[PDB]
file entry-v9.tsv (TSV, C-alpha atoms)
chain	number	residue	atom	x	y	z
A	1176	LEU	CA	-6.03	-27.11	2.04
A	1177	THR	CA	-6.17	-26.49	-1.70
A	1178	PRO	CA	-7.22	-28.56	-4.72
A	1179	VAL	CA	-4.39	-30.40	-6.44
A	1180	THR	CA	-5.14	-28.54	-9.69
A	1181	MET	CA	-4.79	-25.02	-8.28
A	1182	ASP	CA	-3.14	-22.65	-10.75
A	1183	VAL	CA	0.60	-22.40	-10.09
A	1184	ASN	CA	0.84	-18.91	-11.60
A	1185	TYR	CA	-1.23	-17.69	-8.64
A	1186	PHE	CA	1.80	-18.11	-6.38
A	1187	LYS	CA	4.25	-16.21	-8.59
A	1188	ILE	CA	2.80	-12.76	-7.79
A	1189	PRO	CA	1.43	-11.23	-4.58
A	1190	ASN	CA	-2.14	-12.37	-4.02
A	1191	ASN	CA	-4.75	-13.06	-1.39
A	1192	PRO	CA	-4.04	-16.58	-0.04
A	1193	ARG	CA	-7.76	-17.37	0.27
A	1194	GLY	CA	-8.03	-17.51	-3.52
A	1195	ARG	CA	-10.17	-14.42	-4.12
A	1196	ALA	CA	-9.41	-10.72	-3.82
A	1197	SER	CA	-10.87	-8.71	-0.96
A	1198	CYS	CA	-8.95	-5.43	-1.02
A	1199	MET	CA	-11.52	-2.93	0.17
A	1200	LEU	CA	-10.00	0.14	-1.48
A	1201	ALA	CA	-11.61	-1.11	-4.70
A	1202	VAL	CA	-15.16	-1.08	-3.32
A	1203	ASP	CA	-17.27	2.05	-2.92
A	1204	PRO	CA	-17.04	3.38	0.65
A	1205	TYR	CA	-19.73	2.38	3.15
A	1206	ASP	CA	-21.39	0.09	0.58
A	1207	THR	CA	-21.83	-3.04	2.67
A	1208	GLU	CA	-23.81	-5.06	0.12
A	1209	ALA	CA	-21.32	-4.37	-2.68
A	1210	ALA	CA	-18.41	-5.29	-0.40
A	1211	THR	CA	-19.98	-8.57	0.72
A	1212	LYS	CA	-20.87	-9.36	-2.90
A	1213	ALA	CA	-17.25	-8.78	-3.92
A	1214	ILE	CA	-15.90	-10.93	-1.09
A	1215	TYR	CA	-18.27	-13.90	-1.14
A	1216	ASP	CA	-20.55	-13.94	-4.20
A	1217	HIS	CA	-19.13	-16.67	-6.42
A	1218	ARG	CA	-21.52	-15.98	-9.29
A	1219	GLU	CA	-19.58	-12.75	-9.92
A	1220	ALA	CA	-16.05	-12.76	-11.29
A	1221	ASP	CA	-13.16	-12.31	-8.87
A	1222	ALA	CA	-11.33	-9.03	-9.25
A	1223	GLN	CA	-7.75	-9.11	-10.65
A	1224	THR	CA	-8.30	-12.74	-11.78
B	1323	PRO	CA	5.61	-14.95	-2.51
B	1324	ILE	CA	8.79	-16.41	-1.04
B	1325	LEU	CA	11.54	-18.42	-2.70
B	1326	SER	CA	10.48	-22.07	-2.83
B	1327	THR	CA	11.05	-25.04	-5.10
B	1328	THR	CA	9.81	-28.61	-5.43
B	1329	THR	CA	13.22	-30.13	-6.21
B	1330	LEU	CA	16.63	-29.71	-4.62
B	1331	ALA	CA	18.28	-29.47	-8.04
B	1332	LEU	CA	16.61	-26.15	-8.83
B	1333	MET	CA	17.59	-24.91	-5.37
B	1334	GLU	CA	21.22	-25.76	-6.16
B	1335	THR	CA	20.88	-23.97	-9.49
B	1336	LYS	CA	19.60	-20.86	-7.70
B	1337	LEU	CA	22.41	-20.99	-5.14
B	1338	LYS	CA	25.10	-21.25	-7.82
B	1339	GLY	CA	23.63	-18.44	-9.90
B	1340	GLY	CA	24.65	-14.82	-9.82
B	1341	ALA	CA	22.88	-11.81	-8.42
B	1342	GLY	CA	19.20	-11.63	-9.28
B	1343	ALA	CA	18.80	-15.40	-9.62
B	1344	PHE	CA	16.37	-15.53	-6.70
B	1345	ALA	CA	13.84	-13.33	-8.51
B	1346	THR	CA	13.17	-15.56	-11.54
B	1347	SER	CA	10.65	-18.38	-11.39
B	1348	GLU	CA	10.98	-21.25	-13.84
B	1349	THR	CA	9.58	-24.73	-14.36
B	1350	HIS	CA	10.82	-28.14	-15.40
B	1351	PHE	CA	8.30	-30.70	-16.62
B	1352	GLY	CA	6.57	-31.17	-13.27
B	1353	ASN	CA	8.84	-29.17	-10.99
B	1354	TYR	CA	8.96	-25.41	-10.54
B	1355	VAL	CA	10.63	-22.54	-8.71
B	1356	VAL	CA	8.78	-19.55	-7.28
B	1357	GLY	CA	10.86	-16.40	-7.10
B	1358	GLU	CA	10.73	-13.93	-4.24
B	1359	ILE	CA	9.02	-10.67	-5.11
B	1360	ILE	CA	11.60	-8.46	-3.34
B	1361	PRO	CA	15.34	-9.17	-3.01
B	1362	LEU	CA	15.05	-9.79	0.72
B	1363	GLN	CA	16.88	-13.09	1.24
B	1364	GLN	CA	19.52	-12.69	-1.47
B	1365	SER	CA	20.84	-9.26	-0.54
B	1366	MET	CA	18.84	-7.08	1.80
B	1367	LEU	CA	19.36	-9.08	4.99
B	1368	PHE	CA	23.02	-9.99	4.53
B	1369	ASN	CA	24.61	-7.06	2.69
B	1370	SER	CA	24.18	-4.84	5.77
C	1323	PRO	CA	0.37	-5.83	-32.27
C	1324	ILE	CA	0.62	-6.79	-28.60
C	1325	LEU	CA	2.77	-9.41	-26.88
C	1326	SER	CA	0.89	-12.72	-27.16
C	1327	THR	CA	1.93	-16.36	-27.18
C	1328	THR	CA	0.20	-19.68	-27.77
C	1329	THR	CA	2.08	-21.60	-25.07
C	1330	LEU	CA	3.09	-20.81	-21.52
C	1331	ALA	CA	6.71	-21.87	-22.09
C	1332	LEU	CA	7.36	-18.94	-24.43
C	1333	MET	CA	5.75	-16.51	-21.98
C	1334	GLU	CA	8.05	-17.87	-19.29
C	1335	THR	CA	11.02	-17.40	-21.62
C	1336	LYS	CA	9.98	-13.80	-22.29
C	1337	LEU	CA	9.66	-13.10	-18.57
C	1338	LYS	CA	13.09	-14.62	-17.89
C	1339	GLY	CA	14.72	-12.63	-20.68
C	1340	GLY	CA	16.51	-9.33	-20.34
C	1341	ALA	CA	15.56	-5.97	-21.75
C	1342	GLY	CA	14.30	-6.10	-25.31
C	1343	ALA	CA	12.96	-9.65	-25.02
C	1344	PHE	CA	9.32	-8.58	-25.46
C	1345	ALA	CA	9.99	-7.09	-28.89
C	1346	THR	CA	11.19	-10.25	-30.68
C	1347	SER	CA	8.76	-12.62	-32.38
C	1348	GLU	CA	9.73	-16.27	-32.69
C	1349	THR	CA	8.07	-19.60	-33.43
C	1350	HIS	CA	8.31	-23.19	-32.29
C	1351	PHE	CA	6.84	-25.83	-34.62
C	1352	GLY	CA	3.15	-25.15	-34.06
C	1353	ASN	CA	3.60	-22.46	-31.42
C	1354	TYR	CA	4.62	-18.83	-31.87
C	1355	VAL	CA	5.19	-15.51	-30.10
C	1356	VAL	CA	4.14	-12.16	-31.52
C	1357	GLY	CA	6.38	-9.33	-30.37
C	1358	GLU	CA	5.38	-5.93	-29.03
C	1359	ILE	CA	5.76	-3.15	-31.59
C	1360	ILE	CA	6.22	-0.45	-28.93
C	1361	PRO	CA	8.28	-1.22	-25.79
C	1362	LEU	CA	5.24	-0.17	-23.81
C	1363	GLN	CA	4.46	-2.95	-21.32
C	1364	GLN	CA	8.09	-3.95	-20.76
C	1365	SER	CA	9.48	-0.55	-19.79
C	1366	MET	CA	7.42	2.54	-20.44
C	1367	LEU	CA	4.59	1.93	-17.98
C	1368	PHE	CA	6.74	0.70	-15.12
C	1369	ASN	CA	9.96	2.72	-15.45
C	1370	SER	CA	8.22	5.66	-13.74
D	393	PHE	CA	4.40	-14.87	2.95
D	394	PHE	CA	2.57	-17.69	1.17
D	395	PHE	CA	3.90	-20.68	-0.78
D	396	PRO	CA	2.46	-23.91	-2.21
D	397	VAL	CA	3.40	-27.56	-1.66
D	398	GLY	CA	2.12	-30.64	-3.47
D	399	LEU	CA	0.69	-29.12	-6.65
D	400	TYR	CA	0.21	-31.13	-9.84
D	401	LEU	CA	1.08	-29.41	-13.06
D	402	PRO	CA	-0.91	-30.31	-16.20
D	403	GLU	CA	0.91	-33.01	-18.14
D	404	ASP	CA	-1.14	-32.42	-21.30
D	405	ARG	CA	0.73	-29.10	-21.68
D	406	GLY	CA	3.91	-29.89	-19.80
D	407	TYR	CA	7.06	-28.02	-20.72
D	408	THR	CA	10.60	-27.36	-19.54
D	409	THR	CA	12.72	-24.21	-19.84
D	410	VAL	CA	15.85	-25.41	-18.01
D	411	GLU	CA	16.65	-28.59	-19.93
D	412	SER	CA	20.21	-27.40	-20.57
D	413	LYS	CA	20.66	-26.41	-16.90
D	414	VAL	CA	19.37	-29.42	-14.95
D	415	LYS	CA	18.55	-33.11	-15.39
D	416	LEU	CA	16.61	-35.51	-13.17
D	417	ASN	CA	16.86	-39.28	-13.43
D	418	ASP	CA	13.67	-41.01	-14.50
D	419	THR	CA	11.54	-41.68	-11.43
D	420	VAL	CA	7.90	-40.99	-10.56
D	421	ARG	CA	9.07	-39.69	-7.18
D	422	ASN	CA	10.88	-36.98	-9.13
D	423	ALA	CA	7.92	-36.63	-11.50
D	424	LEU	CA	5.33	-36.06	-8.76
D	425	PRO	CA	6.45	-33.38	-6.28
D	426	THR	CA	5.42	-33.87	-2.66
D	427	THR	CA	7.83	-31.69	-0.63
D	428	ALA	CA	8.89	-28.04	-0.71
D	429	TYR	CA	12.36	-26.60	-0.11
D	430	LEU	CA	13.03	-23.17	1.39
D	431	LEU	CA	15.67	-21.06	3.13
D	432	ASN	CA	16.06	-20.18	6.82
D	433	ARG	CA	16.62	-16.68	8.12
D	434	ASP	CA	20.13	-17.84	7.35
D	435	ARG	CA	20.61	-18.97	3.77
D	436	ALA	CA	20.60	-22.65	4.78
D	437	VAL	CA	18.20	-25.09	3.10
D	438	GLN	CA	15.12	-26.39	4.92
D	439	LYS	CA	12.46	-28.88	3.87
D	440	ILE	CA	8.74	-29.44	4.50
D	441	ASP	CA	6.60	-32.49	3.74
E	393	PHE	CA	-4.38	-3.53	-30.52
E	394	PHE	CA	-5.09	-6.80	-32.31
E	395	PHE	CA	-3.89	-10.33	-31.66
E	396	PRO	CA	-4.72	-13.77	-33.09
E	397	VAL	CA	-5.85	-16.97	-31.37
E	398	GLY	CA	-6.27	-20.42	-32.87
E	399	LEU	CA	-4.18	-20.15	-36.03
E	400	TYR	CA	-2.88	-23.27	-37.79
E	401	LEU	CA	0.65	-22.77	-39.06
E	402	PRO	CA	1.67	-24.58	-42.27
E	403	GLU	CA	2.87	-27.99	-41.14
E	404	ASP	CA	4.57	-28.97	-44.41
E	405	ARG	CA	7.13	-26.20	-43.81
E	406	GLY	CA	7.32	-26.30	-40.04
E	407	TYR	CA	10.37	-24.90	-38.30
E	408	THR	CA	11.66	-23.92	-34.88
E	409	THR	CA	14.26	-21.34	-33.83
E	410	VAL	CA	14.00	-21.90	-30.06
E	411	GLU	CA	14.73	-25.63	-29.98
E	412	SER	CA	17.60	-24.98	-27.55
E	413	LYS	CA	15.42	-22.96	-25.16
E	414	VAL	CA	12.06	-24.75	-24.71
E	415	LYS	CA	10.83	-28.33	-24.82
E	416	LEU	CA	7.21	-29.49	-24.82
E	417	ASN	CA	5.50	-32.79	-24.08
E	418	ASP	CA	4.54	-34.69	-27.23
E	419	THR	CA	0.78	-34.17	-26.90
E	420	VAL	CA	-1.45	-33.07	-29.75
E	421	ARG	CA	-2.96	-30.54	-27.34
E	422	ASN	CA	0.48	-28.92	-27.41
E	423	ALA	CA	0.66	-29.23	-31.21
E	424	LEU	CA	-2.65	-27.44	-31.81
E	425	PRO	CA	-2.75	-23.97	-30.23
E	426	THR	CA	-6.21	-23.32	-28.81
E	427	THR	CA	-5.47	-20.58	-26.25
E	428	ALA	CA	-3.71	-17.22	-26.15
E	429	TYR	CA	-1.62	-15.88	-23.27
E	430	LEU	CA	-1.37	-12.13	-22.68
E	431	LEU	CA	0.01	-9.71	-20.11
E	432	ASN	CA	-2.30	-7.74	-17.83
E	433	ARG	CA	-1.95	-4.05	-16.94
E	434	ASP	CA	0.46	-5.38	-14.37
E	435	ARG	CA	3.08	-7.66	-15.89
E	436	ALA	CA	0.95	-10.69	-15.01
E	437	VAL	CA	-0.27	-13.49	-17.26
E	438	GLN	CA	-3.84	-13.94	-18.47
E	439	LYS	CA	-5.47	-16.50	-20.72
E	440	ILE	CA	-8.28	-16.66	-23.28
E	441	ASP	CA	-9.94	-19.79	-24.67
call {"tool": "encode", "arguments": {"input": "entry-v9.tsv", "output": "structure tokens"}}
result
Amino acid sequence: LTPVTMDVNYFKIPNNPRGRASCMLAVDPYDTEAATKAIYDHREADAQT
Amino acid sequence: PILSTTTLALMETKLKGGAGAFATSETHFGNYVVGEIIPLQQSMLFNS
Amino acid sequence: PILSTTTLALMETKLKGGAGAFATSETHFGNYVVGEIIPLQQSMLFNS
Amino acid sequence: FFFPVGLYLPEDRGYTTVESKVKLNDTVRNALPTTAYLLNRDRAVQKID
Amino acid sequence: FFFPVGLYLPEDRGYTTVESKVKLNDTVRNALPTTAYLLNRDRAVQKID
């Protein structure tokens, strides 16, 4: 379920369907806190958007 | 992304078009097409 | 100068265009596109 | 694969790029999309609502 | 690189050369440009307000 006002341009290129990037090759290896901050912390900007 | 559209008219426009039509997304006022990222459906499955 | 537009319709038109579309600057009434001076983004990064 | 259905595009900045290619008769059911059309593993047309 | 955002084009000598290619809703929010759209390092769209 998604909000009615979700950006349509999101669907025109490959993306994570959850609405926020979580590709782990971008995060430093074995850095659990950085990885969880990237995945869940919504006070930090999403990568690639 | 996979080829999808909100109106049947844009689907008909895609089906009439030439090669490479499936890859281009475009929008009417409140209707849109989303183009497939790789030419799977148009060629790669059926050309054999 | 870099490819920039004030409305999403002109960006869609640029993406639907063929080769050389990014280089041309054109204006609607209040809206305009500024063209790329070097065919960098369109071809030279991705043609590899 | 991921695809949207039921989105609302902003009317305050609405635009068309295919006016010369297609025309819809005036109807809010055409104006407000609520179904999505797709292709089978064959190139037949299928619908979801 | 340098790019503008928010310019007001002279309205007394307004013109269009793409009238056969695009059509916009008659909102003043369309008439006054307040945003700029750019391409990312991938050929993906991005916006600044």
call {"tool": "interface_residues", "arguments": {"input": "entry-v9.tsv", "of": "chain A", "to": "chain C", "cutoff": "12 Å", "atoms": "all atoms listed in the file", "output": "PDB file with C-alpha atoms, keeping the file's coordinate frame"}}
result
ATOM      1  CA  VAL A1183       0.600 -22.400 -10.090  1.00  0.00           C
ATOM      2  CA  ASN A1184       0.840 -18.910 -11.600  1.00  0.00           C
ATOM      3  CA  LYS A1187       4.250 -16.210  -8.590  1.00  0.00           C
TER       4      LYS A1187
END
call {"tool": "interface_residues", "arguments": {"input": "entry-v9.tsv", "of": "chain C", "to": "chain B", "cutoff": "10 Å", "atoms": "all atoms listed in the file", "output": "list in words"}}
result
residues 1331, 1334, 1335, 1337, 1338 and 1339 of chain C
call {"tool": "closest_residue", "arguments": {"input": "entry-v9.tsv", "among": "C:1366, C:1333, C:1356, C:1361", "to": "chain D", "atoms": "only C-alpha atoms"}}
result
C:1333
call {"tool": "closest_residue", "arguments": {"input": "entry-v9.tsv", "among": "C:1350, C:1324, C:1332, C:1342", "to": "chain D", "atoms": "only C-alpha atoms"}}
result
C:1332
call {"tool": "closest_residue", "arguments": {"input": "entry-v9.tsv", "among": "D:410, D:430, D:437, D:416", "to": "chain E", "atoms": "only C-alpha atoms"}}
result
D:410
call {"tool": "closest_atom_pairs", "arguments": {"input": "entry-v9.tsv", "of": "chain C", "to": "chain E", "cutoff": "6 Å", "atoms": "all atoms listed in the file", "output": "Markdown table"}}
result
| residue | atom | partner | partner_atom | distance |
| --- | --- | --- | --- | --- |
| C:1323 | CA | E:394 | CA | 5.5 |
| C:1326 | CA | E:430 | CA | 5.1 |
| C:1327 | CA | E:429 | CA | 5.3 |
| C:1328 | CA | E:428 | CA | 4.9 |
| C:1349 | CA | E:408 | CA | 5.8 |
| C:1350 | CA | E:408 | CA | 4.3 |
| C:1351 | CA | E:407 | CA | 5.2 |
| C:1352 | CA | E:423 | CA | 5.6 |
call {"tool": "closest_residue", "arguments": {"input": "entry-v9.tsv", "among": "A:1178, A:1224, A:1215, A:1191", "to": "chain E", "atoms": "all atoms listed in the file"}}
result
A:1224
call {"tool": "calpha_fit_rmsd", "arguments": {"input": "entry-v9.tsv", "fixed": "chain B", "moving": "chain C"}}
result
0.2 Å
call {"tool": "atom_distance", "arguments": {"input": "entry-v9.tsv", "atom1": "CA of residue 1329 in chain C", "atom2": "CA of residue 1340 in chain B"}}
result
28.1 Å
call {"tool": "residues_around", "arguments": {"input": "entry-v9.tsv", "residues": "range 1195-1209 of chain A", "least_positions_apart": "4", "cutoff": "8 Å", "atoms": "all atoms listed in the file", "output": "list in words"}}
result
residues 1190, 1191, 1213, 1214, 1221, 1222 and 1223 of chain A
call {"tool": "atom_distance", "arguments": {"input": "entry-v9.tsv", "atom1": "CA of residue 412 in chain D", "atom2": "CA of residue 1343 in chain B"}}
result
16.3 Å
call {"tool": "closest_atom_pairs", "arguments": {"input": "entry-v9.tsv", "of": "chain A", "to": "chain D", "cutoff": "7 Å", "atoms": "all atoms listed in the file", "output": "JSON lines"}}
result
{"residue": "A:1179", "atom": "CA", "partner": "D:399", "partner_atom": "CA", "distance": 5.2}
{"residue": "A:1180", "atom": "CA", "partner": "D:400", "partner_atom": "CA", "distance": 5.9}
{"residue": "A:1186", "atom": "CA", "partner": "D:395", "partner_atom": "CA", "distance": 6.5}
{"residue": "A:1192", "atom": "CA", "partner": "D:394", "partner_atom": "CA", "distance": 6.8}
call {"tool": "atom_distance", "arguments": {"input": "entry-v9.tsv", "atom1": "CA of residue 1341 in chain B", "atom2": "CA of residue 1188 in chain A"}}
result
20.1 Å
call {"tool": "axis_aligned_box", "arguments": {"input": "entry-v9.tsv", "around": "range 430-437 of chain D", "padding_each_side": "6 Å", "output": "JSON"}}
result
{"center_x": 16.8, "center_y": -20.9, "center_z": 4.8, "size_x": 19.6, "size_y": 20.4, "size_z": 18.7}
